[PDB]
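Structure first, then comments.
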There are 2 protein chains.
Amino acid sequence: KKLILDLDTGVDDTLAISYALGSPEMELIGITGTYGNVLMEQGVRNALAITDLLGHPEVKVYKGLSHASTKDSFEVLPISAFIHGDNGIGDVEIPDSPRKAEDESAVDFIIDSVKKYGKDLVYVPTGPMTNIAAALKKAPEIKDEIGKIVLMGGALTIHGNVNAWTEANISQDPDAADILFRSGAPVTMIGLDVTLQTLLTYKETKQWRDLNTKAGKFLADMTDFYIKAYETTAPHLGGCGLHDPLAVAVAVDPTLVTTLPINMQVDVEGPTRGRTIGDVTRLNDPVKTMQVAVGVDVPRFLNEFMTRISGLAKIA
Amino acid sequence: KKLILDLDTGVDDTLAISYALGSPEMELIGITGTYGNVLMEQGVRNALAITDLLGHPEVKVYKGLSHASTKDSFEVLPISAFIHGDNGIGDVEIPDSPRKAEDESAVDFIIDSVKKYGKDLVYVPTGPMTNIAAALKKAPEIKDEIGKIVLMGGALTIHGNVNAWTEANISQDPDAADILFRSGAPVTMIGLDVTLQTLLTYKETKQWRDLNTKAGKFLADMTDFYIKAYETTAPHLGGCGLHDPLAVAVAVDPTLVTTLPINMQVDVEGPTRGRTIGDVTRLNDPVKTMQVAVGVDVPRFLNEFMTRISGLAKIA
Ligand SMILES: [Ca+2]
Ligand SMILES: [Ca+2]
């Protein structure tokens with residue numbers, strides 16, 4: 001079984017990389033780069049540099065799209081610059097990788113990877129869906145050929161985090177997210193309804209410091225910036241959410257989550273634009289195209305998370 | 001076990017009465033009257049007249065509130081006048097009951113009934129929540145004293161029917177619905193996500209005509225107006241939804257539905273005003289105050305529905 005991450009790297013996005021590389025059930029083929037937490041290019045610089053630091057410079061980083069499906073440009077919002085920092089990695093200084101982005105676009109890498117690995121391929125996007133929307137656009141065959149998609153984004157049964165009805169990764173490109181959900185590809189949405197139950201504090205990051213490694217000190221320094229940002233943006237939690245890693249955890253082990261079979265859409269037109277919600281049209285259709293996560297085994301996920309990442313940090 | 005309906009009577013609302021009176025597990029104590037499908041008073045005229053027609057003039061009809069929690073007045077919207085008719089009963093001519101509404105308000109009847117029957121009481125509102133909001137307002141003890149509330153209204157995982165995010169009964173008084181959901185009373189929401197899976201066509205109403213009774217001919221004539229309205233307002237279904245009856249069916253037999261334990265709210269302030277949605281604040285609280293219906297045994301419900309109502313129609 002073989003894994004592609006699609007990342008706006010990104011603090012939680014590197015924790016997804018760390019969980020992936022700490023997990024022996026998947027071979028991480030490549031990291032597709034996208035935008036949001038940080039500018040698209042910055043996403044690639046970080047991906048390369050971090051994959052190197054953890055001891056896996058075989059991870060080939062491809063180059064996705066800079067702006068949204070229906071926008072001309074993109075700037076990083078100052079809110080996301082406060083949370084993930086300016087570099088998008090806390091503000092942790094880390095040497096640039098001398099490796100660089102692959103020649104082909106990430107759009108084509110996905111399409112190619114689908115035709116190579118078929119149902120062994122698992123695509124886990126924890127940034128905007130912009131990339132796989134363009135992939136499904138150019139090559140709609142993907143739907144049936146791909147093994148499974150397992151995204152982080154949206155909020156079904158709960159308030160979003162950007163506004164009352166939309167979540168960040170969906171907010172940045174709703175139209176793309178709609179195309180994906182409607183596509184009929186075997187998607188598993190892991191939204192806020194499950195990720196806001198996840199938590200880690202300095203109790204957990206102090207364990208990474210105890211390993212005394214280049215990687216251990218990095219991940220600790222990084223997520224401590226992320227927690228101190230959360231201390232002001234959401235003091236009602238105490239630490240930080242484990243959003244993007246959980247998507248990867250469910251990709252490897254779908255029993256970590258309890259899903260609700262449901263044909264879905266994303267709202268494009270109304271004043272609820274960017275909301276993840278069931279399509280009424282396909283309610284009575286018994287064949288459910290995707291599944292939204294509603295319950296989660298938080299203590300087992302937190303143990304799986306620390307075991308995998310602390311094991312990887314010991315290796316570098 | 002003892003039942004109170006809270007009805008904007010109402011085409012589907014009389015089907016709820018019919019299911020209730022056809023069900024031997026509950027004694028229907030009274031029908032609290034409310035507004036929406038038709039003017040509040042008209043709700044009472046119909047309730048009295050219909051309870052008589054089915055062979056149960058012991059059902060005491062009480063008088064709830066005319067307008068919403070936060071409004072001065074109320075008019076019937078022309079959309080609901082098209083669906084349920086002008087009289088609110090198709091346009092089926094039926095003799096007025098010479099019995100009239102009880103002296104006390106329905107607000108007080110509920111509060112009194114809670115203190116009399118305690119945990120044997122089951123309150124099943126398939127109109128606006130306006131009435132039980134005022135009851136919980138005046139007497140908040142109800143929460144813990146009452147057996148269970150089982151409403152019809154809202155839409156959690158799907159588009160509403162008034163707009164993309166709100167359902168009729170919640171739309172008419174959102175602020176009341178919020179008060180109920182937040183109250184912590186043992187509510188079970190049966191919203192569109194489950195009721196739009198229910199269906200009946202002329203195949204089913206022709207069976208009621210075959211019984212040759214006063215009641216059989218009435219219910220057939222009535223729901224055929226309701227289906228011909230649905231033929232224009234929603235030709236994607238073919239017949240009509242069994243919205244309000246299903247709430248009663250789940251009150252008698254909660255195994256007809258698969259619920260999702262979830263602390264809920266109703267949106268009051270935003271441009272999503274009137275939306276039924278989980279409260280994030282109480283997501284990590286393990287104690288779930290109410291449960292939203294997401295799955296349903298449609299063929300068993302449809303059989304239970306016809307068995308009970310055709311049995312009752314044979315009696316008149
Ligand atoms: Ca992200
Ligand atoms: Ca009704």
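If you're wondering about the labels, chains in the structure tokens are A, B, ... by order shown, residues count from 1 in each chain, ligands from 1 in order shown.
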Self-check item: Within 12 Å of chain A: residues of chain B, using only C-alpha atoms, as a ChimeraX atom specification
Solution: /B:155-161,163-166,192-199,234-237,258-273,275-286,292-296,298
Quiz prompt | All alpha helix (DSSP H) positions in segment 61-286 of chain A, as a VMD selection string | solution = chain A and resid 78 to 84 106 to 117 130 to 138 142 to 145 168 to 172 174 to 183 192 to 195 202 to 210 214 to 233 243 to 252
Quiz prompt | Filtered DSSP result for segment 167-251 of chain A, state strand (DSSP E), as a list in words | solution =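 Those residues are residues 187, 188, 189 and 190 of chain A.
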Export of the given selection (C-alpha atoms) as a PDB file, in the first residue's frame:
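Ended up saving to out_34.pdb:
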ATOM      1  CA  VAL A 187     -13.403   9.732  -0.025  1.00  0.00           C
ATOM      2  CA  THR A 188     -13.307   9.735   3.792  1.00  0.00           C
ATOM      3  CA  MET A 189     -13.756  13.221   5.254  1.00  0.00           C
ATOM      4  CA  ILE A 190     -12.018  13.769   8.597  1.00  0.00           C
TER       5      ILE A 190
END
Quiz item: Hey, which residues come within 8 Å of ligand 1 if we count only C-alpha atoms and all ligand atoms? Could you give them as a list in words?
Solution: residues 7, 8, 9, 10, 11, 12, 13, 36, 37, 126, 127, 128, 152, 169, 243 and 244 of chain A
Quiz item: What lies within 10 Å of residue 103 of chain A using only C-alpha atoms, ignoring chain neighbours under 5 positions off, as a PyMOL selection string?
Solution: chain A and resi 61-63+109
Just write the chosen residues, C-alpha atoms, as a PDB file, in the first residue's frame.
ATOM      1  CA  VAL A  61       8.116  16.641  -3.560  1.00  0.00           C
ATOM      2  CA  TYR A  62       5.902  17.667  -6.505  1.00  0.00           C
ATOM      3  CA  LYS A  63       4.538  21.096  -7.377  1.00  0.00           C
ATOM      4  CA  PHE A 109       1.993  12.910 -10.579  1.00  0.00           C
TER       5      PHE A 109
END
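The spacing separating atom CA of residue 95 of chain A from atom CA of residue 214 of chain A amounts to 11.3 Å.
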Quiz item: Got a sec: who's within 10 Å of residue 301 of chain A, counting only C-alpha atoms, leaving out chain neighbours fewer than 6 positions off, as number ranges by chain?
Solution: A: 198, 242, 245-246, 249-250, 253, 256-257, 307
Self-check item: B:311, B:57, B:98, B:191 ranked by distance to ligand 2, top pick (using only C-alpha atoms and all ligand atoms)
Solution: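 The shortest atom-to-atom distance to ligand 2 comes from B:191.
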Exercise. For residue 148 of chain B, please output as number ranges by chain all residues within 10 Å (counting only C-alpha atoms; exclusion window: fewer than 2 positions along the same chain).
Key: B: 3, 118-124, 143-146, 150-151, 185-188, 251, 290
Selected residues written out, N, CA and C atoms, as an mmCIF file, in the first residue's frame:
data_model
loop_
_atom_site.group_PDB
_atom_site.id
_atom_site.type_symbol
_atom_site.label_atom_id
_atom_site.label_comp_id
_atom_site.auth_asym_id
_atom_site.auth_seq_id
_atom_site.Cartn_x
_atom_site.Cartn_y
_atom_site.Cartn_z
ATOM 1 N N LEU B 3 -49.038 9.991 26.021
ATOM 2 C CA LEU B 3 -48.584 10.786 24.879
ATOM 3 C C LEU B 3 -49.288 12.141 24.781
ATOM 4 N N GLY B 118 -44.912 12.238 35.013
ATOM 5 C CA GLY B 118 -43.452 12.138 35.169
ATOM 6 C C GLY B 118 -42.741 11.470 34.005
ATOM 7 N N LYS B 119 -42.078 10.351 34.295
ATOM 8 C CA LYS B 119 -41.307 9.614 33.295
ATOM 9 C C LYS B 119 -42.131 8.666 32.408
ATOM 10 N N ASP B 120 -43.433 8.541 32.667
ATOM 11 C CA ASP B 120 -44.343 7.863 31.738
ATOM 12 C C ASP B 120 -44.819 8.787 30.610
ATOM 13 N N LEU B 121 -44.603 10.103 30.750
ATOM 14 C CA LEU B 121 -45.037 11.083 29.740
ATOM 15 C C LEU B 121 -44.064 11.176 28.559
ATOM 16 N N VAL B 122 -44.635 11.252 27.358
ATOM 17 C CA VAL B 122 -43.885 11.395 26.117
ATOM 18 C C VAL B 122 -44.507 12.536 25.309
ATOM 19 N N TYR B 123 -43.748 13.608 25.082
ATOM 20 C CA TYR B 123 -44.238 14.791 24.362
ATOM 21 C C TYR B 123 -43.642 14.798 22.957
ATOM 22 N N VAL B 124 -44.492 14.818 21.931
ATOM 23 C CA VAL B 124 -44.074 14.613 20.539
ATOM 24 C C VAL B 124 -44.548 15.788 19.685
ATOM 25 N N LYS B 143 -37.308 19.414 32.417
ATOM 26 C CA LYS B 143 -36.093 18.758 31.879
ATOM 27 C C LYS B 143 -35.879 17.334 32.391
ATOM 28 N N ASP B 144 -35.741 17.225 33.706
ATOM 29 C CA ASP B 144 -35.380 15.981 34.376
ATOM 30 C C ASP B 144 -36.625 15.144 34.701
ATOM 31 N N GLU B 145 -37.745 15.821 34.970
ATOM 32 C CA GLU B 145 -39.008 15.157 35.314
ATOM 33 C C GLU B 145 -39.669 14.419 34.135
ATOM 34 N N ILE B 146 -39.624 15.003 32.933
ATOM 35 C CA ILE B 146 -40.281 14.406 31.754
ATOM 36 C C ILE B 146 -39.582 13.129 31.275
ATOM 37 N N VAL B 150 -39.771 13.860 21.654
ATOM 38 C CA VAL B 150 -39.408 13.276 20.356
ATOM 39 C C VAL B 150 -40.028 14.122 19.249
ATOM 40 N N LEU B 151 -39.306 15.146 18.805
ATOM 41 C CA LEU B 151 -39.841 16.116 17.846
ATOM 42 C C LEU B 151 -39.633 15.700 16.398
ATOM 43 N N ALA B 185 -33.103 18.537 28.127
ATOM 44 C CA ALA B 185 -34.184 17.567 28.186
ATOM 45 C C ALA B 185 -33.847 16.422 27.241
ATOM 46 N N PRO B 186 -34.361 15.213 27.526
ATOM 47 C CA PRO B 186 -34.059 14.054 26.680
ATOM 48 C C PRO B 186 -34.817 14.085 25.345
ATOM 49 N N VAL B 187 -34.334 14.933 24.439
ATOM 50 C CA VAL B 187 -34.938 15.137 23.123
ATOM 51 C C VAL B 187 -34.400 14.107 22.126
ATOM 52 N N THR B 188 -35.220 13.769 21.134
ATOM 53 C CA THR B 188 -34.808 12.986 19.976
ATOM 54 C C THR B 188 -35.306 13.732 18.749
ATOM 55 N N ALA B 251 -41.366 7.552 18.926
ATOM 56 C CA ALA B 251 -41.818 7.681 20.309
ATOM 57 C C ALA B 251 -42.293 6.337 20.863
ATOM 58 N N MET B 290 -29.213 15.181 23.743
ATOM 59 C CA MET B 290 -30.195 14.717 22.752
ATOM 60 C C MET B 290 -29.552 13.913 21.630
#
